[PDB]
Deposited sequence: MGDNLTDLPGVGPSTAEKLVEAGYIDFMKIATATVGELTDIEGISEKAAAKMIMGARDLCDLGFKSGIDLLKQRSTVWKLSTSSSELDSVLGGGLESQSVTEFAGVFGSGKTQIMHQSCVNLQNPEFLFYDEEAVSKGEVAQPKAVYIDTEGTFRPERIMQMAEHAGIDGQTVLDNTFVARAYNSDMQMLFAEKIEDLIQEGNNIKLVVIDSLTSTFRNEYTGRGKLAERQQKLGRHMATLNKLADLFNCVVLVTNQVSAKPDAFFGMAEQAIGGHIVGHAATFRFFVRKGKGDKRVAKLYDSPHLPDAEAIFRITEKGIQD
């Protein structure tokens, strides 16, 4: 931190105590939030922000540099060949991927499978030239369980069939049971603390994204209140994905009129990739990608078995 203009040993202390230990967090901060820190004046705040941006080289980029930025995105395999294909390789870091669908479609299964897959080095696809082995080493997951359906048994079973050690997945997966939207949002905001404590959080799961909000703000005469809170939550998730180069996955429920993911416009805008998971015959499932910034809408057929997600 003292590498930053105006920042001395004392100011560096104030910053770390305030939660600002990374150059990127400072470069992307507002004069206000920094001035909210005791002895940090407006000029000092503005000076260190500009300095952090410079050190992080956050200016105009063009040509090959645009490809290099895109190469810092790594992807997590879903264990499904067709789904990985529709995803353009796998679940993308630096983005929010939403899986919506009717009950029993497999949303929670995909979340569990992702926590397991994170522990298989060969399931993280990346360009070694842009992403070092160290950046994805000792990856850990955060599972914000809003519906109380996290199941250690399922983790162990999926791990076993993948040839991975179940206990290792549990040891490297943080689960936070949220009973309402306030806890849900706070847990998400506190993931930064886990990072600061030395945990390489590379996967963040929110299951479910909207169930709490939908139950707390029912009156359609309070919908604005809900969309605002939902918007702040989504903003935290997106920034989280970018600053810590991790994949963020969220599940969403559906309502009639055929079906549409709930959460309104804000969720639609904030989500990067949007899927509708449908049920086929027996254990067959169809993941339909209907929105993304660079991939064509497409369908991926897969199955949910005792082994987890397969095909």
How would you list, in order, the spans of the deposited sequence that the model does not cover? 1-4, 262-268
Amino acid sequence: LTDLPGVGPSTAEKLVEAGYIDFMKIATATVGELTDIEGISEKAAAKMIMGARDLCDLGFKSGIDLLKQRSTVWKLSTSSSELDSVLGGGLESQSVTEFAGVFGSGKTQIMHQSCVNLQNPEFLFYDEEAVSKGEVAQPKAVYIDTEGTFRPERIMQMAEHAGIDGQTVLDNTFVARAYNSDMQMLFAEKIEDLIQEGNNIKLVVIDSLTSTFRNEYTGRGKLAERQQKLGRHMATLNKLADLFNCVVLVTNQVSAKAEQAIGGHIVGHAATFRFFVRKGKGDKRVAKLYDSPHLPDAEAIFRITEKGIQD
From here on, numbers count along this sequence of modelled residues.
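For clarity, a rigid core is taken as the largest C-alpha set superposing within 1.5 Å between two forms.
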C-alpha RMS from this form in 7 other deposited structures of this protein, rigid core superposed: larger for 67-75 or 153-161? 67-75
Does a third or more of the other compared entries skip modelling residue 30? no
Thinking of the other compared PDB entries, is residue 263 one of those residues unmodelled in at least a third of them? yes
Going by the B-factors listed in the PDB entry, is the mean over the C-alpha atoms higher for 267-275 or for 51-59? 51-59
Higher-scoring stretch by recorded Cα B factor average, 191-199 or 148-156: 191-199
When you compare the CA B-factors of 231, 134, 104, 89 as listed in the entry, which one comes out on top? 134
Highest-ranked of 98, 207, 129, 182 once sorted by CA temperature factor in the record: 129
Can you work out whether the C-alpha temperature factor of residue 175 puts it in the lowest, middle or highest third of the chain? lowest
By the record's CA B-factor, is residue 293 among the lowest, middle or highest third of residues in the chain? lowest
Going by the recorded CA B-factors, say which third of the chain residue 162 sits in, lowest, middle or highest. middle
Which third, lowest, middle or highest, does the CA B-factor of residue 120 fall in along this chain? middle
Taking only the Cα B-factors deposited for this chain, tell me whether residue 260 sits in the lowest, middle or highest third. highest
